[PDB]
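Undergrad: Below is one structure. I have some questions about it.
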Amino acid sequence: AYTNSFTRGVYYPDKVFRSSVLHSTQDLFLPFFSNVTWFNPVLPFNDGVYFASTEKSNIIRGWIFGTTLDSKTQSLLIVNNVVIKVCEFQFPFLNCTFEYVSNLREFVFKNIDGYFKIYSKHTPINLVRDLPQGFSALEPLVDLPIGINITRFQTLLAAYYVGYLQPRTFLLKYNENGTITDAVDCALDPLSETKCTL
Amino acid sequence: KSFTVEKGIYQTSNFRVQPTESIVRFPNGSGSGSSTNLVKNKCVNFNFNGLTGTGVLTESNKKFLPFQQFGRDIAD
């Protein structure tokens, strides 16, 4: 199945504060109104992943990232007390080089220059299916320079939504408090292209 | 380039307040260096976690987000 992304998949591209200003940025984003797969099978990672999940009892809690996923290479396991491991575990439901120990949940996972970055945002909802209408930027939570090559990933236990990021240009609107309240996808349509131009 | 000056107002030089001292600061742990005391309301050469510059540091009302470390203006 598939569903409409609407305006989801927006995150703060940096840690820079801005106030009541429109800023043009070029980065990996989830294209507005794109087809996101709606649902576990092993899924490709590509250049980035937008993940979303509706939860009533915290069913989906684990994520696996890697290329082989057979203990031959580094495998990134994240289990929500958030525990993040890179052990070459042999593999799923319920040579270590790193270990860290700490409603709609939205996450952005990407790997740039050996830095695995995880952004997240949680919000209560009045619906139980499909991504609801609205806008909210995802804040960074994890930035680990592990260097794991990732070409596939899987979830570990409920339906969840998966989309893929693309190198697009976005016009972000920072309010007086530095919160991104609106975004324009420059490539969506001619009107948005005009907005970006001006 | 004259030995005689007519009545008027002439733009001659440029005034530039010079920095007093260098302020280097790192987190409460060890930012791979020794931190210095913070000096406010004075032209100083500041260095915050490797971000270097020269200017006057004043107490701000701007509300950075928890993950936000620096602030940029319209000209970036």
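Every residue number used here counts from 1 along the chain in the order it is shown.
Header lists the method as electron microscopy, 3.0 Å.
Cβ coordinates come from backbone N, Cα and C, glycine included.
So Swiss-Prot has the following annotated:
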type     : residues : note
CARBOHYD : B:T20    : O-linked glycosylation site
CARBOHYD : B:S22    : O-linked glycosylation site
CARBOHYD : B:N28    : N-linked glycosylation site
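When I checked the PDB entry for this same protein, it listed these features:
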type   : residues : note
SEQADV : B:29-34  : linker
Undergrad: Of B:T20, B:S22, B:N28, the glycosylation sites given in the record, which has the fewest other CB atoms within 10 A of its CB?
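TA: The glycosylation sites B:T20, B:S22, B:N28 were compared, and B:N28 has the fewest Cβ atoms within 10 Å.
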Undergrad: Cα of the residue listed as 'N-linked glycosylation site' to Cα of B:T20 (O-linked glycosylation site): how many Å, rounded?
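TA: Cα to Cα, the residue listed as 'N-linked glycosylation site' and B:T20 (O-linked glycosylation site) are separated by 25 Å.
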Undergrad: Summarise the linker (B:29-34) by DSSP state, stating how many residues are helix, strand and coil.
TA: 0 helix, 0 strand, 6 coil
Undergrad: Under DSSP, is B:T20 (O-linked glycosylation site) part of a helix or a strand, or is it coil?
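TA: DSSP call for B:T20 (O-linked glycosylation site): coil, neither helix nor strand.
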